[PDB]
> 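First the structure, which I've put down as structure tokens, then a few questions once you've had a look.
Throughout, protein chains are lettered first and strands after them, A, B, ... in sequence-line order, and every chain is numbered starting at 1. As a basis for the values below, the full set of heavy atoms in this structure was taken, side chains included, without hydrogen atoms, waters or symmetry mates.
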Amino acid sequence: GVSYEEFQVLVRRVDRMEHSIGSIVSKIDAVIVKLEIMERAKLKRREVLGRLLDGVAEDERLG
Amino acid sequence: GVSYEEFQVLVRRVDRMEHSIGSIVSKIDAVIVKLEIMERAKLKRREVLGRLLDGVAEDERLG
Amino acid sequence: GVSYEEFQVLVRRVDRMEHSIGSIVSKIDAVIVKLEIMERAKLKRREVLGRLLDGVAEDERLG
């Protein structure tokens with residue numbers, strides 16, 4: 001013996017949970033895409049600075 | 001024809017899921033606040049080291 | 001008055017949500033373990049480069 005109102009209460013909770021899960025998935029996904037934008041930016045930065053240091057080494061010895 | 005016990009089983013599953021969603025939201029949020037504490041700390045670190053390098057350049061040329 | 005079919009519809013939604021929550025938990029957890037693998041790798045890298053710089057300082061003054 002379960003009434004519609006009892007049932008509807010559970011449906012509304014599930015509706016809000018489904019909306020929270022949508023938001024959470026979007027948030028975790030954005031974290032993951034941002035962490036890779038950061039990782040890519042980092043490797044490039046270390047290479048660019050690496051090339052400047054190659055230049056300091058060459059000038060120190062031959063300049 | 002749905003019995004209370006059938007229904008109650010679904011309510012208990014939803015209760016545990018709601019608790020998992022609370023924990024997940026707290027976890028994702030902590031990740032995001034920590035990543036910004038890290039990002040801020042990083043920019044400061046690069047600036048502080050940048051100022052020491054400015055000092056090496058000045059001393060190398062005028063010391 | 002709630003029919004099994006009405007109820008079953010909510011059970012299937014809850015089943016898919018439970019599967020999404022499992023996936024989300026695995027994803028957030030992997031983010032957290034990866035961020036620590038990265039943090040550990042970083043401290044080691046700064047120490048190793050720190051030791052090379054100690055070497056440049058010593059050679060500059062005594063070489």
Side-chain angles (χ1 to χ4, degrees), chain A residues 1-46, chain B residues 1-47, chain C residues 1-47:
Chain A
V2 184
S3 80
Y4 178 67
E5 299 310 293
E6 278 177 309
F7 178 72
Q8 180 183 12
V9 167
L10 186 63
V11 171
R12 291 192 281 53
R13 288 177 68 193
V14 172
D15 291 342
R16 303 185 301 267
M17 292 177 33
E18 197 162 75
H19 183 86
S20 299
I21 283 163
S23 165
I24 287 164
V25 170
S26 292
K27 183 177 299 187
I28 186 75
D29 285 346
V31 158
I32 299 176
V33 300
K34 144 193 150 49
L35 293 176
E36 294 330 85
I37 262 60
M38 183 171 80
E39 173 60 3
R40 138 238 92 169
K42 191 190 85 287
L43 292 178
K44 193 174 68 163
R45 192 172 300 112
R46 288 175 56 197
Chain B
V2 184
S3 80
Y4 178 67
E5 299 310 293
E6 278 177 309
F7 178 72
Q8 180 183 12
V9 167
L10 186 63
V11 171
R12 291 192 281 53
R13 288 177 68 193
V14 172
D15 291 342
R16 303 185 301 267
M17 292 177 33
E18 197 162 75
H19 183 86
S20 299
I21 283 163
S23 165
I24 287 164
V25 170
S26 292
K27 183 177 299 187
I28 186 75
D29 285 346
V31 158
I32 299 176
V33 300
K34 144 193 150 49
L35 293 176
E36 294 330 85
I37 262 60
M38 183 171 80
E39 173 60 3
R40 138 238 92 169
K42 191 190 85 287
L43 292 178
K44 193 174 68 163
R45 192 172 300 112
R46 288 175 56 197
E47 173 60 28
Chain C
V2 184
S3 80
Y4 178 67
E5 299 310 293
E6 278 177 309
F7 178 72
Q8 180 183 12
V9 167
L10 186 63
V11 171
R12 291 192 281 53
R13 288 177 68 193
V14 172
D15 291 342
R16 303 185 301 267
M17 292 177 33
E18 197 162 75
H19 183 86
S20 299
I21 283 163
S23 165
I24 287 164
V25 170
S26 292
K27 183 177 299 187
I28 186 75
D29 285 346
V31 158
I32 299 176
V33 300
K34 144 193 150 49
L35 293 176
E36 294 330 85
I37 262 60
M38 183 171 80
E39 173 60 3
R40 138 238 92 169
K42 191 190 85 287
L43 292 178
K44 193 174 68 163
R45 192 172 300 112
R46 288 175 56 197
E47 173 60 28

> Please lay out, stage by stage, how C:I24 and B:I28 fare under the test side-chain contact (heavy atoms from CB on, under 4.5 Å).
CA-CA 10 Å; C:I24 287 164; B:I28 186 75; over 6 Å; no
> Checking B:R40 side chain against B:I37 main chain: does a donor-acceptor pair fall under 3.5 Å?
yes
> Is a donor on one side and an acceptor on the other found under 3.5 Å between the side chain of C:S26 and the backbone of C:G22?
yes
> Could you give the distance from CD (B:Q8) to CG (A:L10), rounded to the nearest 0.5 Å?
12.0 Å
> With a cut-off of 6.0 Å (strictly less than), are more than 12 heavy atoms of other residues, nucleotides or ligands near CZ of C:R45?
yes
> Whether A:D29 and A:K34 form a salt bridge (side-chain N of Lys/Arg under 4.0 Å from carboxylate O of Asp/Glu) is what I want to check.
no
> Atom CD1 in B:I21, atom CZ in A:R16: separation rounded to 0.5 Å?
11.0 Å
> Please report the interatomic distance CG(B:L43) to CD(B:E47), rounded to the nearest 0.5 Å.
9.5 Å
> Given A:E6 and C:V2, is the side-chain contact (heavy atoms from CB on, under 4.5 Å) satisfied, shown in steps?
CA-CA 9 Å; A:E6 278 177 309; C:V2 184; over 6 Å; no
> So, taking the atom named CZ in A:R13 and the one named CD in B:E18, what distance separates them when rounded to the nearest 0.5 Å?
4.0 Å
> With a 4.5 Å cut-off on side-chain heavy atoms, are C:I32 and B:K27 touching?
yes
> Can we say C:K42 and C:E39 salt-bridge, meaning some charged N sits less than 4.0 Å from an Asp/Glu carboxylate O?
yes
> CZ/B:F7 to OG/A:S3 distance, rounded to the nearest 0.5 angstrom?
7.5 Å
